[PDB]
Structure formats: C-alpha cells, structure tokens
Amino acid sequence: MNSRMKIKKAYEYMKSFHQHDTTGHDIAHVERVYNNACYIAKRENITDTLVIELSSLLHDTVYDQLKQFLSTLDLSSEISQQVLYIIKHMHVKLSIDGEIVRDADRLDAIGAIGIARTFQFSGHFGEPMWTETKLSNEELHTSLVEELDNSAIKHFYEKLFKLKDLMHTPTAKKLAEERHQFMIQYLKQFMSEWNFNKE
C-alpha cells in the first residue's frame, strides 16, 4: 500500500477510537490539528509528510494498541518508531516533523477556537469568566498570575498569550500572530463590557 492509503487508514482508526464521543469535539480537534500540520508542512517545504500526518492523526489515541495498529500499515521500524516517539513526547527537542505537529496542536489552543475552548472548560468546571484582582494588568503577565483564583480570563494571561512566542516554524509563527492579535482584541472587548460605565 502507498502513503495515501496508510494515512486514510490512520484517519479511520482515529474516528473509530473517538466514535463514542457524543460531542464530536475530539474528532474535530484532531482534524484541525491535522489540517494545520499539513498546511505548515507544505509551507515548510517538506517532501514526505507521512510521519507528520500519521503523528497528527494518532497522537490523541494514547501504546500496545497503537503499536498493534501501526503494525498493520507496513511501516519500517525507522518510521514506526519515529511516529511513536513523536506521539510520546508531543521536555525534549523533536525533529522538524515533530515540531510541526507541536505547532499545529499549539495553534488550536489560541485564536477564536482557543478562546471558545477556554470558556467551555471554565463552564464545565463552574469557574467564573473573570475575577477582580489587586494585581496590575502588567503583573498578570508574570508568575504573580498564579495567585489569582481560577477563571477563563486568568488562563489568557497564564497560558494563551504565551503560546505564540513558542511556535517553532516560521509558518506557524505567522498563523499564530493572527490568532494572537485576535485574542488581544477579544480581551479588550471583553474588558470594555465588563467595566462598561463602571467607575
């Protein structure tokens, strides 16, 4: 079988693994990471993208069962072990293939989607959208943010705003800047409403 058929099989395996997810969230997430990774790969001029595509599609299915499935794709040990290593370490440095899967995954954590995911989690945990703090806005970008009670907005300062600068590839950095800029815009709009006519 060729690479195309193998990727197709990995795609099928992934959907089957998450078939019992009555939200489709898991599958959608994997698909976005996969599509982001493919966009980055081409942009970074990567000839063979088998490792990247397999890693992206299967990174969330975890290794006995994974090794079993991979054992049916007729892959060499070098490639097989390559994918497993990436999935396992997806802190150590990785090959460009691994750093691209990382970038694709990181990108899904920011932007309109990252914001949406963040608020969903807060709602799931019954956390507030935001809380009043005595810390200055500037201090929120430092470790002092850990002193805040959990809130969706806290997560913007503690994690989301730091992801763009962590992108590895130039293409991922570019995509990240757009989504980063958007999150700032959302925050400013959020605060304008939160403090509307408040004084």
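The numbering used is simple: start at 1 and walk along the sequence shown.
**Student:** Residues without coordinates, deposited sequence, stretch from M90 to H91: is the count none, 1 to 3, 4 to 9, or 10 or more?
**Tutor:** Gap between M90 and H91: 4 to 9 residues without coordinates.
**Student:** So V62 and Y63 are neighbours in the shown sequence, but is anything from the deposited sequence left out between them? Give the count as none, 1 to 3, 4 to 9, or 10 or more.
**Tutor:** In the deposited sequence, 10 or more residues between these two have no coordinates.
**Student:** Of 180-188 and 13-21, which one has the bigger average CA B-factor?
**Tutor:** Per the PDB entry, the higher value belongs to 13-21.
**Student:** Higher average CA B factor in the deposited record is what I'm after, so tell me if that's 168-176 or 38-46.
**Tutor:** Result of the comparison: 38-46.
**Student:** Highest Cα temperature factor in the entry, among the options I113, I86, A104, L73: which one is it?
**Tutor:** Max CA B-factor in the entry, restricted to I113, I86, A104, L73: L73.
**Student:** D97's Cα B-factor: lowest, middle or highest third of the chain?
**Tutor:** As the PDB entry reports it, the C-alpha B-factor of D97 lands in the middle third of its chain.
**Student:** Split into thirds by Cα B-factor across the chain's modelled residues, where does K162 land: lowest, middle or highest?
**Tutor:** Lowest third, going by the recorded CA B-factors of the chain.
**Student:** Based on the entry's values, in what third of the chain does the Cα temperature factor of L66 lie: lowest, middle or highest?
**Tutor:** Its C-alpha B-factor belongs to the highest third of this chain's values.
**Student:** Among the modelled residues of its chain, does the C-alpha B-factor of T131 lie in the lowest, middle or highest third?
**Tutor:** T131: CA B-factor falls in the middle third of its chain.
**Student:** In terms of the chain's CA B-factor thirds, is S55 lowest, middle or highest?
**Tutor:** CA B-factor rank for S55: middle third.
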